[PDB]
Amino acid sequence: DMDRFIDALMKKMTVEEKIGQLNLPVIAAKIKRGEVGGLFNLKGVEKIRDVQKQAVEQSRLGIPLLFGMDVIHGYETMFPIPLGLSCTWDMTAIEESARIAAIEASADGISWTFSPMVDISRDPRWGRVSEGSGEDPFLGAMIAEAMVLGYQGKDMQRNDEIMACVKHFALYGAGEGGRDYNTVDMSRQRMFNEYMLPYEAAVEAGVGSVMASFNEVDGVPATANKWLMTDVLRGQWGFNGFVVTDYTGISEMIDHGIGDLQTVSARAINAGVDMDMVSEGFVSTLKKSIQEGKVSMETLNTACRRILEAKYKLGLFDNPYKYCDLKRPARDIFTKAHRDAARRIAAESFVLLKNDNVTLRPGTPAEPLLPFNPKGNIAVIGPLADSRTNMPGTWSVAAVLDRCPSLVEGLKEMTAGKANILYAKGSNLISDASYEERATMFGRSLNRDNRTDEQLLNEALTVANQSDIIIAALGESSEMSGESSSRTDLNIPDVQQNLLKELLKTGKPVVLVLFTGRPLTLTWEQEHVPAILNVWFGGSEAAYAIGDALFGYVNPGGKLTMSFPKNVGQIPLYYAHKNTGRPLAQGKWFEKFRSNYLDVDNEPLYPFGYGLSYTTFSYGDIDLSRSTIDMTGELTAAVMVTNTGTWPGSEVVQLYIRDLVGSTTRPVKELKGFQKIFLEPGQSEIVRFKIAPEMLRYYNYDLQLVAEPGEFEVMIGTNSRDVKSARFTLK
């Protein structure tokens, strides 16, 4: 068993060797000296197996390395960016995507992924919303569990299972101004009720590791916050794994302004940080701090033991080359089977935001543009129409970017012999050249040239006037989101929106195929464009998935997981908000002396849980099996859902609960369940949710997790806004 093996190995180690287990650089001589616990961002089973060999046969002790990577939404087969993927509301598919990424990464030497990212954000200015699962902790928690299980399985003993790492602990999504890395501040009550659940869910799913965040919390960088890294993570949640820093998290505490490298390195290990990514703080200062009494041998031994336990649980002491089978890449990476799964999941992720009836043929009743049969001349226009490299999304560091089909390429393939795909670039990404350069970093160039926006527009209008339909492929480049990609404006960029306006003016039907890593401010587009399909960034097979949706091979069933505001001046806008003492009643905007603005109502353009279908669904009234239950009781909430349109399709039936009165103020609703159903036209299904007091608990003023007696409102519907309602009492 483990405790004896590790007891025995640690009794053999020098202090330098114990310190070395805590070092994660991004070398050959360091491994020989036992100064390396793991490496990251090394790609290829060949390079990795050879680094493992050195560790195993050329260090005094032969301790095997962990090999890490940001395997975030795929290894080479790229699934949608996590924010897009969350809109599937499909935990089975989400688990599957993680399973596949693990199969591919493990095939190539990787034993550890820095995933899932589970940070709640209510602030769409932050580029890293693309990396998460939206604004809601219940859904965030369910996804956290699905991802951990996908990567790790039961117990990481299979050679196609790897160690997951829940990040970024904690509260990194609340950075002020939506500006990445910026100050975070909130009450403890808000932390636990509104931000913490997804981290806790990952811990409770058995996640092997946790990554400490860049932000301060209560004026202490998270990487030195003992309350977080020990008292909450271990003391409250019983986490048995290890904590890694984010990239140079330790030395960045110097800039944060809490001390010199020795001081913050000591504070980090004393807080419960076990492994040091890149900074070399632990390696270069811990011996000196042990000599001065600033860090005890107990503390060092604990950190070391945790690293060794992780290696042992991965089976690395049984076999250092568990994940170095040179025959696996050919069998496991970028296979048709995997790519087909990615295409299926990508189509499932898209959110149909609008699909109004349009007058297509003179005299006929108006009908929607989507879906359409692939025939005639199909214009595909815009700076996202013919880019391979922008398809997979940000966070695709192992992807072969220029191997992904562009939208034009994929639609060409899918329509060959049936329709002509007519391309025009239409516009640059944005007017400002310098902006375009930074927005297309990391190999995402759109090959901007000397052609002016007027030139590009004119060419596009010529093409558009040759066509029967216009697919406007517009929005963000993939690197307008991700890390260090914060925006103060959330529009479709200037020249693209002008292009869109001019395309509409041709009188040809226009479908907006929107690429984005985040919520955008879309009021103009909602007013003027007949059809809006949010495709996020769908991964390496996005082009094919988009064709599937456009041509009706798949009926869109995605639902938003983050509010879409009308303007940046409404931020933060989130569905699970408090009522205030002066709530504006529905339809009363504007009212003086209510909580409202002079210039816009309080509502998002599209709420949490919003998404349309090529069919329609109708909800009957809610049946509650009980009108009252006590602290040990239960009841069932039941609703009949009917497919009332002409298309087979899926619906995400959403369960919300409002605690009407609290000892503290409670949100106007909270997601507490969901079921994704598939119905043929005319078919009905009674959807049942079990409601029990465990679900009704919340962190009160004293941070006691309790359900208080009183009345609750149960709401069920197609999104967080449009719901059927019923009430019951807890005694």
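Don't overthink the numbering: it's just position in the shown sequence, from 1.
Chemist: According to the PDB entry, how many deposited residues between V26 and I27 are absent from the model (none, 1 to 3, 4 to 9, 10 or more)?
Modeler: Going from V26 to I27, the model skips 10 or more residues of the deposited sequence.
Chemist: Tell me which of 530-538 and 199-207 has the higher mean C-alpha B-factor in the deposited entry.
Modeler: Looking at the record's C-alpha B-factors, the answer is 199-207.
Chemist: Can you tell me whether 570-578 has a higher mean C-alpha B factor than 377-385 in this record, or the other way round?
Modeler: Per the deposited B-factors, the answer is 377-385.
Chemist: Among the choices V166, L520, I629, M229, identify the one whose CA B-factor in the record is greatest.
Modeler: Largest recorded C-alpha B-factor: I629.
Chemist: What's the residue among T92, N390, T223, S618 with the greatest CA temperature factor in the PDB record?
Modeler: Answer for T92, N390, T223, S618: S618, with the highest C-alpha B-factor.
Chemist: Among all modelled residues of this chain, ranked by Cα B factor, put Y75 in the bottom, middle or top third, i.e. lowest, middle or highest.
Modeler: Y75: CA B-factor falls in the middle third of its chain.
Chemist: Can you work out whether the C-alpha temperature factor of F282 puts it in the lowest, middle or highest third of the chain?
Modeler: Its C-alpha B-factor belongs to the highest third of this chain's values.
Chemist: State the tercile, meaning the lowest, middle or highest third, of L461 with respect to the CA B-factors recorded for its chain.
Modeler: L461: CA B-factor falls in the middle third of its chain.
Chemist: Sorting the chain's modelled residues by C-alpha B-factor, tell me whether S484 ends up in the lowest, middle or highest third.
Modeler: It falls in the bottom third of the chain.
Chemist: Can you tell me which third, lowest, middle or highest, the CA B-factor of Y321 falls into for its chain?
Modeler: Highest third, going by the recorded CA B-factors of the chain.
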